[PDB]
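For reference, the structure discussed in these notes is given below.
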Amino acid sequence: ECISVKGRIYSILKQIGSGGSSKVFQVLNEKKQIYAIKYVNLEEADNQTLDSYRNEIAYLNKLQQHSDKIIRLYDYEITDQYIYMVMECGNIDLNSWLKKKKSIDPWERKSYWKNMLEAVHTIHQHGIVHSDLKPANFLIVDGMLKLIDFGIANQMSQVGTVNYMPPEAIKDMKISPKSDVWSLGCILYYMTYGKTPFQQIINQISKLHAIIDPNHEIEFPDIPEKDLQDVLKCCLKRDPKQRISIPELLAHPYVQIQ
Ligand SMILES: Clc1ccc2c(NCC3CC3)ncnc2c1
């Protein structure tokens, strides 16, 4: 089984990415170099959907040259019927790795955090707020985290967590770069304490109520890394104005010292 993209033939090893109008394949070029090919079927896509797809592709292509913490787009083919994207394969996505992980090495966690800040800072610098950050949006490649997507794509049953959702998004029923800081904060909180801040709340309506409720205090059990603890408290402030920024996070002792 094979796919051609801009003349070049790729043999398929397996399917990574599953279901929807979109599939991801692990593939090899004729020199046996490994890649991921993202395949999108465009037959049922309206113009607004199409426009979001072209817009994410254009941004991914542009911002590549600005950080190596953003996934590599090598090439693509795009017609009225389909998109093929030839991309960096990597080793494993962050969520699948975290699921099979007993505990995280403090050094690795700090390193992943640095990568995540770098990727997200980069998109913010070009006017993009992701607004839907989770572990699955990060790919581990040679012990480096890379951002897989920018959250621009429009649309593609018991999945789609609200665990990383910021309070101002829920009260808004504005989104800003601080919204990404919250979700990053929930990812780091999960890498620190083994769960996300509101993961205990069974009912989703209740969960959303806890997220926005000032009287609902998030717990920050004492840990050896006091700087890590402070990062979490700064990221998980409900008021976006008082929430720490990415530039402030990049100067934080947690990422700078030792
Ligand atoms: Cl676009 C893209 C590229 C690679 C992905 C990936 N790679 C890890 C799979 C073991 C090969 N895992 C999950 N999603 C991916 C998405």
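Residue indices begin at 1 and follow the sequence shown. Side chains included, hydrogens not; waters and symmetry mates left out as well; all remaining heavy atoms used. All ligand and atom numbering here is 1-based and tracks the order in the structure.
Side-chain atoms of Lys23 and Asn41 form no donor-acceptor pair, as typed in the model, at a separation below 3.5 Å. If you check the side chains of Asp230 and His252, you find a donor sitting under 3.5 Å from an acceptor.
Linking ILVMFWY residues whenever their side-chain heavy atoms come closer than 4.5 Å, directly or via other members, leaves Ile246 and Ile175 in distinct clusters.
Annotation: atom 16 (C) of ligand 1 to nearest protein heavy atom, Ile148 CG2, 4.1 Å. The closest protein non-hydrogen atom to atom 6 (C) of ligand 1 is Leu139 CD1, 3.6 Å. Of the protein's heavy atoms, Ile16 CG2, 3.5 Å lies nearest to atom 12 (N) of ligand 1.
At least one heavy atom of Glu88 sits less than 4.0 Å from an atom of ligand 1. The closest approach between any non-hydrogen atom of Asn91 and ligand 1 is below 4.0 Å.
Classified by interplanar angle (parallel below 30°, tilted 30° to 60°, perpendicular above 60°), the ring pair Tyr112/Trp97 is perpendicular. By the 30° and 60° cut-offs, the orientation of the rings of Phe220 relative to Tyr189 is perpendicular.
With a heavy-atom cut-off of 4.0 Å, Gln26 touches ligand 1 through its side chain alone. Proximity of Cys89 to ligand 1, defined as any heavy-atom pair under 4.0 Å, is shared by backbone and side chain alike.
Ligand-side atoms of ligand 1 in range of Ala36: 3 (C), 4 (C), range being under 4.0 angstrom from any heavy atom.
The residues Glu225 and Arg109 are annotated as salt-bridged, a charged nitrogen and a carboxylate oxygen being separated by less than 4.0 angstrom.
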